[PDB]
Amino acid sequence: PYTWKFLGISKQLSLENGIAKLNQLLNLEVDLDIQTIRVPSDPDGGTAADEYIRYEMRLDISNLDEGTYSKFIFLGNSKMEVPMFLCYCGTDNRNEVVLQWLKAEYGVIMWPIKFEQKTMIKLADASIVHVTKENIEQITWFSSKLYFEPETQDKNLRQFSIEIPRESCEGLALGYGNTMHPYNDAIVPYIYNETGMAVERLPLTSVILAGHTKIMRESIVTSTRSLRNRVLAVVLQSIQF
Amino acid sequence: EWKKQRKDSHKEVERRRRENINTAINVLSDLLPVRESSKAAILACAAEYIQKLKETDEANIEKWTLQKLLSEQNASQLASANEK
Amino acid sequence: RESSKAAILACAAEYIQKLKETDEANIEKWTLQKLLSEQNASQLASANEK
Amino acid sequence: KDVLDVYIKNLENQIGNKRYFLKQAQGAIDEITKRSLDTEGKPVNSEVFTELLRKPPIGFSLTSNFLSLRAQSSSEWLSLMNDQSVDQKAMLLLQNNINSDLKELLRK
Amino acid sequence: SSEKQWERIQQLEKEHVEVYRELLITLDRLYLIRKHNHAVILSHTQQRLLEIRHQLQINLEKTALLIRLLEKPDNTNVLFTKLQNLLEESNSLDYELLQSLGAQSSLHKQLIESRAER
Amino acid sequence: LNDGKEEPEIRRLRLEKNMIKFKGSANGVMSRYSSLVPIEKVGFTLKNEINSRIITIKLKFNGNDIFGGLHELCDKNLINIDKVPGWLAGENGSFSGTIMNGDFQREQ
Amino acid sequence: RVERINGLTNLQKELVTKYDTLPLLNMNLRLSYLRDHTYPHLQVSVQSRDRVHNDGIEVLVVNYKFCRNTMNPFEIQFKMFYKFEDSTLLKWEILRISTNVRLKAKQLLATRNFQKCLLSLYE
Amino acid sequence: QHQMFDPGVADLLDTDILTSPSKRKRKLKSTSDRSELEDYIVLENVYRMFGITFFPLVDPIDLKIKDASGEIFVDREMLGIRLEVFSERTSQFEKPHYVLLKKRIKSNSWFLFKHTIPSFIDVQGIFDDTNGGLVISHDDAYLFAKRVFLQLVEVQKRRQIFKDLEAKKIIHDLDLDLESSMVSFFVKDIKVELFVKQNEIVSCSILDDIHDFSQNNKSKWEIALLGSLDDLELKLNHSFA
DNA sequence: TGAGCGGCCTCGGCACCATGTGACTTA
DNA sequence: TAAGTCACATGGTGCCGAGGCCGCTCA
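Residues numbered from 1 in each chain as written, not as in the entry; some residues may be left out. Chains lettered and ligands numbered in written order. Part of a larger assembly, values for the part shown. Heavy atoms only, no water. Residues with missing side-chain atoms left out of burial classes, pairs and counts.

- By the method listed in its record, cryo-EM, this PDB entry was determined to a resolution of 3.4 Å.

- Chain E is annotated in the PDB entry as Inner kinetochore subunit MCM16 from Saccharomyces cerevisiae.
- This entry appears in the Protein Data Bank under the title "Cryo-EM structure of CBF1-CCAN bound topologically to centromeric DNA".

- Per the PDB entry, chain B is named Centromere-binding protein 1, and its organism is Saccharomyces cerevisiae.

**With respect to the overall build of chain E**
(1) Moving on: The number of helices and strands found in chain E is four helices and zero strands.
(2) Moving on: Counting helices and strands in the order they occur from the N terminus, chain E gives α-α-α-α.
(3) Moving on: Radius of gyration (C-alpha) of chain E: 22 Å, far over the 13 Å computed for a compact globule of 118 residues.
(4) Moving on: Counting the 118 residues in chain E, one finds 35% classified as buried. (Helix = DSSP H or I, 4+ residues; strand = E, 2+ residues; numbered from the N terminus. Rg over C-alpha atoms; globule rule 2.2 N^0.38 Å. Buried < 20%, exposed > 50% of the residue type's maximum accessible area, 1.4 Å probe, protein only.)

**So, the interface of chain F and chain B**
Interfaces are often described in size by the accessible area the parts lose on coming together.
(1) Moving on: Taken together, the seven residues of chain F in the interface contact four residues of chain B.
(2) Moving on: Contact between chain F and chain B buries roughly 460 Å² in total, counting both sides, with carbon and sulfur atoms accounting for 39%.
(3) Moving on: We note a salt bridge from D30 of chain B to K47 of chain F, for which the minimum N-O separation is 3.2 Å.
(4) Moving on: Every element with two or more residues in the side of chain F that touches chain B is listed here: β2 (54-62) and β3 (97-100) of chain F.
(5) Moving on: In terms of residue class, the side of chain F that touches chain B is built from two nonpolar, four polar and one charged. (Contact = heavy atoms within 4.5 Å. Buried area = accessible area lost by both parts, 1.4 Å probe. Salt bridge = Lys/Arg side-chain N within 4 Å of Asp/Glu carboxyl O. Nonpolar A, V, L, I, M, F, W, Y, C, P; charged D, E, K, R; others polar.)

**Considerations on the interface of chain D and chain E**
(1) Moving on: Contacts between chain D and chain E engage 61 residues on the former and 60 residues on the latter.
(2) Moving on: Together, the buried faces of chain D and chain E total about 5800 Å²; carbon and sulfur atoms form 71% of this surface.
(3) Moving on: Our count for the contact surface shared by chain D and chain E stands at one salt bridge.
(4) Moving on: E51 of chain D is the salt-bridge partner of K35 of chain E, the closest N and O atoms lying 3.8 Å from each other.
(5) Moving on: Scanning the region where chain D abuts chain E turns up 16 residue pairs in polar contact. (Polar contact = N/O pair within 3.5 Å; in protein donor to acceptor, adjacent residues only side chain to side chain.)

**Describing the sheet that holds strand β4 (residues 78-83) of chain H**
Residues and elements named next belong to chain H.
(1) Moving on: The antiparallel open sheet is built from four strands, whose spatial order is β1-β4-β7-β8. One side of each edge strand has no neighbouring strand; the edge strands of this open sheet are β1 (52-57) and β8 (110-115). The sheet shows a mean angle of 30° between the axes of neighbouring strands, direction not considered.
(2) Moving on: The pairing of β4 with strand β7 (residues 97-103) spans six bridges and is classified as antiparallel. Note that in β7 the partner of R82 across the bridge is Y98. (Pairing = 2+ DSSP bridges. Axes fitted to C-alpha atoms, helices over the stretch in contact; angles between N-to-C directions.)

**A word on the packing of helix α3 (residues 117-126) of chain A against helix α5 (residues 182-195) of chain A**
All names here are of chain A.
(1) Moving on: Remark: α3 packs on α5, axes separated minimally by 8 Å, with the N-to-C direction vectors making an angle of 115°. If you check the angle between α3 and α5, you find them roughly perpendicular. Residues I121, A124 and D125 of α3 lie in contact with α5, whose contacting residues are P182, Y183, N184 and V188.
(2) Moving on: For the contact of α3 with α5, the per-class residue count stands at five nonpolar, one polar and one charged. (Parallel < 35°, antiparallel > 145°, perpendicular 65-115°, else oblique.)

**Here's the deal with the protein's contact with DNA strand I**
(1) Moving on: Around DNA strand I, the neighbouring residues are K155, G211 and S223 of chain A together with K7, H10, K11, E14, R18, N22, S38 and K39 of chain B.
(2) Moving on: For DNA strand I, the fraction of protein-proximal atoms (within 4 Å) that sit in sugar or phosphate groups is 58%.
(3) Moving on: One nitrogen or oxygen atom from the side chain of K7 of chain B is found 3.0 Å from a phosphate oxygen belonging to DNA strand I.
(4) Moving on: A distance of 3.5 Å is found between a base oxygen of DNA strand I and a side-chain nitrogen or oxygen belonging to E14 of chain B.
(5) Moving on: Residue contributions to the surface near DNA strand I peak at six residues, all from helix α1 (residues 2-30) of chain B.
(6) Moving on: Taken together, the residues of the surface near DNA strand I break down into no nonpolar, five polar and six charged. (Near = heavy atom within 4 Å.)

**Some details on the packing of helix α3 (residues 58-107) of chain D against helix α2 (residues 44-70) of chain E**
(1) Moving on: The geometry of α3 of chain D relative to α2 of chain E is characterised by a closest axis approach of 8 Å and an angle of 105° between their N-to-C directions. Taken together, the axis directions place α3 of chain D and α2 of chain E in an arrangement best described as roughly perpendicular. Listed contacts from α2 of chain E to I58, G59, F60, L62 and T63 of chain D of α3 of chain D are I58, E61, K62 and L65 of chain E.
(2) Moving on: Looking at the contact of α3 of chain D with α2 of chain E, its residues break down into five nonpolar, two polar and two charged.

**Some remarks on the pairing of strand β3 (residues 57-66) of chain G**
All names here are of chain G.
(1) Moving on: Counting buried residues along β3, nine of its 10 residues qualify, which places the element largely inside the surrounding structure.
(2) Moving on: With six bridges joining them, strand β1 (residues 42-48) and β3 adopt antiparallel strand pairing. Bridge pairing links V44 to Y64 in β3.
(3) Moving on: Here strand β2 (residues 51-52) runs beside β3; their pairing, made up of two bridges, is antiparallel. Bridging from a neighbouring strand, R51 pairs with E58 of β3.
(4) Moving on: Hairpin remark: β2 followed by β3, antiparallel, with four residues in the connecting loop; positive phi at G56, about 65°.

**Let's talk about the packing of aromatic side chains**
(1) Moving on: Tallied over the entire structure, the rule returns 33 aromatic pairs over all chains.
(2) Moving on: Taken together, a centroid distance of 5.9 Å and an interplanar angle of 15° make the contact between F6 of chain A and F85 of chain A stacked. Here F6 of chain A is found in strand β1 (residues 2-9), whereas its partner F85 of chain A is found in strand β5 (residues 84-88), with 79 residues between them in sequence.
(3) Moving on: In this structure, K62 of chain E is placed above the aromatic ring of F66 of chain D, and the distance from its NZ or CZ to the ring centre is 5.6 Å.
(4) Moving on: Positioned above the aromatic ring of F81 of chain G, the side-chain terminus of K91 of chain G is 5.1 Å from the ring centre. (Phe/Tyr/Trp six-rings, centres within 6.5 Å; stacked < 30°, edge-to-face > 60°. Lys NZ or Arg CZ within 6 Å of the ring centre and 35° of its normal.)

**Describing the state of the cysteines**
(1) Moving on: Summed over all chains, the structure comprises zero disulfides over all chains.
(2) Moving on: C87 of chain A takes part in no disulfide bond, and the closest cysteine sulfur, belonging to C89 of chain A, lies 8.2 Å away.
(3) Moving on: For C87 of chain A, a relative accessible area of 0% translates into the label buried.
(4) Moving on: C11 of chain C carries a free sulfur, and the closest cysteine sulfur to it, the one in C45 of chain B, is 18 Å from it. (Disulfide = S-S within 2.5 Å.)

**Some words on the UniProt feature "domain: bHLH" in chain B**
(1) Moving on: UniProt records the feature "domain: bHLH" for residues 5-53 of chain B in the present numbering.
(2) Moving on: Counted over residues 5-53 of chain B, helix gives 84% and strand 0%. Its end C-alpha atoms are 48 Å apart. (UniProt positions renumbered as here; feature names shortened; annotations may be inferred.)

**Here's the deal with the protein's contact with DNA strand J**
(1) Moving on: Taken together, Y147 of chain A, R6, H10, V13, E14, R16 and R17 of chain B, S3, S4 and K5 of chain C together with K41 and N62 of chain F form the complete shell of residues around DNA strand J.
(2) Moving on: The sugar and phosphate moieties of DNA strand J supply 75% of its atoms located within 4 Å of the protein.
(3) Moving on: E14 of chain B is positioned such that a nitrogen or oxygen atom in its side chain is 2.4 Å from a base nitrogen of DNA strand J.
(4) Moving on: Within the side chain of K41 of chain F, a nitrogen or oxygen atom sits 2.4 Å from a phosphate oxygen of DNA strand J.
(5) Moving on: No other element matches the six residues that α1 of chain B contributes to the surface near DNA strand J.

**Observations regarding the sheet that holds strand β9 (residues 182-186) of chain H**
Picture the strands of a sheet paired through backbone hydrogen bonds; they go either parallel or antiparallel.
Residue and element names in this part refer to chain H.
(1) Moving on: One open sheet accounts for four strands, arranged β9-β10-β11-β12; its pairing is antiparallel. Each end of this open sheet is capped by a strand with a single partner; those strands are β9 and β12 (227-228).
(2) Moving on: Pairing geometry for strand β11 (residues 200-206) and β12, over two bridges, is antiparallel. Paired with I201 across the two strands is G227, which belongs to β12.

**Focus: the arrangement of the chains**
(1) Moving on: A comparison of contact numbers over the 11 pairs of chains in contact places chains D and E at the top.
(2) Moving on: No part of chain A reaches chain H; the closest C-alpha pair between them is 11 Å apart.
(3) Moving on: With respect to C-alpha atoms, chain C approaches chain H no nearer than 18 Å, and the pair has no contact.

**Some remarks on the side chain of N65 of chain D**
(1) Moving on: Of note, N65 of chain D is situated in helix α3.
(2) Moving on: Overall, the relative accessible area of 7% leaves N65 of chain D in the buried class.
(3) Moving on: For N65 of chain D, the contacting residues outside a window of four places in its chain are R70 of chain D together with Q10, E13, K14 and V17 of chain E.

Okay, here's the thing in structure tokens:
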């Protein structure tokens, strides 16, 4: 239950320099981690300019809950119109101090990120593909639940959900064929063919993967302590102009 | 942390176990004649269906023995009528 | 009897499917035997009709 | 309402006649285009266009549609222009205030 | 059901004026091509006069059976009342257009002088 | 899925098509989305057989009038009215059940 | 595309423009159903539907030929008086009965409600 | 003559549409076909005078294309029947009751899809009783239709007899339930309430008690009043005098 | 100005699935 | 020691009757 709030950044800011100023301001050492991930390793997802820069800023004091574990995750690519976004979990009041310092030090323009319906479908696609230490990608199947809150006159239809079990989801994926985006290619077309609902047009408020994560229109909350690389990448292509 | 990573791994193992239990329950409900919703209702209907299939098998065995007796009687009687 | 509940439910599903298959096989075999007996009875009944 | 229905029938009859005349005209012009292998357009003679210039319920339809959507477009033009104008008044009030502020800052 | 009749006759008259305008254009270009062989590359100064003769034919027809219906006031046909409704909504907003244009032009002059001062 | 200011006569016809699909009558049984009986909660469990695999979809609904709201969503081009099934359209209303082999059997 | 369909519309053209639950308007198909499926072996025939439009009353004469026994089928001929609006059967009379069913039909047709009479004759 | 077109362009323009409306009508799409459709409608009304008719029906969901050239074929064939009972008292046809049968996808047999018949007539039980469950041929469908049309005839005839009893002023104000089975009426002031089965009175109850009225004569009247409905009308008019 | 019905709405009690962790077993 | 099965205790979504204030609302 770690909600991730997403904010975009107008500039490619380099964090390996100047973080000592943040350490002096906050009177505590942060555990900045540098990684260079290549998310679209699939040939159909692109084979060039796939490298990202992943920063994991962490206000490390103690490890009991998110009151002392408000992580910060930054992702960046210099070959894009918008070059950087951040996402941070927890509810500590030092996080907005970190954001204010980031603004006042790098001169960046920061705005909250809202996901569209197709963006949420692509994020649900991204959050099942897991990278393994043997450098392979594994699709872990979760019993999804598309959850809608339509606005109709006289509040005729307040809300309606579409629950899809795990074995039915993998059966739909195997029926479509060998694909790496199951929801956008197999689940959503099956829903459209059966019930007539275009879920990329309907007001979709959340899709819930049971036991793993439940992404919303403005936040992503995950049972897992971190956020995988595919979700970060899909958020990064989401905010492009 | 090391212990936090162990807790996360055990959490994932328990989640996989629960998903396997739910998948097995859904498969058993798919094999059920009448469609149920709750887990307890699914298990009770599965027990009732297994007992019903056992009774159906025993009744079919008895029915086949009675049918064989009827066929033997009909054949012997028709042969006797032919001789007469 | 199994230990894990998943194996118990999987064996229950397999037992239900096996019971259905055995019932169908018994019905088919008894149908074939009854067809043979009915053919013999019908031919001897036609002889009795003549 | 019977007079409205028969006038609707009369106008759809006229519409169908005009659609027929369009269909025959476009068939003729397409046949002449097919029979003319010259892709490049010939320069139009002025004397031919002169002779064209000497030669030749519709208007009720014309004035009704014209006046109706003319009034509608004028009304919505008032709506958009008045919103833009009150935006201009607000922007000019703010701009005059900050103009006085910059003038005072220049003097100081 | 009268509002349905007015809506219906509205799209019928829209399609009527559309088909008549394009019919007139196709007829005149058909005359141009049939008098010539393939002369279809006529200049802007000639296409504009074609548009002018179209426009004067249109408003001449409008005035022509404007003569036919408004000469003797029957005050019973509903098309007559439709003409007065259309006219009274057409001529109502004429002054406010020029008033708003002049006011917003004075606003634009204020923008110009404020920009020069800044 | 591919697709603005469509003709007001054929727009009336597709509105009539949605009205016919969700209420049975062209003019309805008589705002205008209100059905004959408002339904609060329905839950449908659609099951299919895609290459020897039973694929279940559990659709649950909530509101003051389920099928009126679905009719409004169909009017806003969010749900395809040519692909909305019978049970979603209000057939066997206020009954929640499982759709197997295209036949709706209610729950108990 | 807006299409107008009537009683003589093609079946394929009707299935092109079918989005309602109303019965099919293909009247040849409707009469094929009515002749072959619900009432087979019945040669119905209508020969005079003249009207008295001053009274608004339609005079119909039909011949029912129950041809299930093709060697000696029995046929009847009715005469109905419609009301043509606010539909009331003011009067119906039996014009002609075949003589081989004339007694049983004479006992049956003495009672009113000719719908029962037609269904009873067919049955 | 209103020569609308120029003589230079009237040669290639077909002006004959305005003179001949038949040319326009044959360039869009008669009176003999209208005559044959007219006779077809009259013949369909003649067939519907029987009461039990079959009409063709297509469910719009079951419309699919074969994709060979675009032939729309119905997937699951439907069959709808209508039951028009003739109300002799009003000399009118009552509003039809429609029963719609759809083919099972896996067994090729009709099933009770929809019906507009009230719940005091067990149409599902009648349909399951017809041919021991499954029905295939049109004969079984007509048998089920006749079996339920007899119930419609029974309720309409019972209501007709009681309404005619009211119309002849033989009895005072009465109350009818939906199938006209549980009734109560006053002959002079005696509240005679009846439970009547199909065209035969099986139970009777004389309720109102007068000081001159006795109980053994009441029981004798209750036994005598049993029997057919026409017999009840005759004997009630006999005992009224 | 004053009583007054109706959508809202939150309290909270109940119902049920969902969930994370220690204890314990298996390899 | 990595992984698995287990009941267990808490988390949480949905639901609904009670009741309160609000929100005009109308005389």
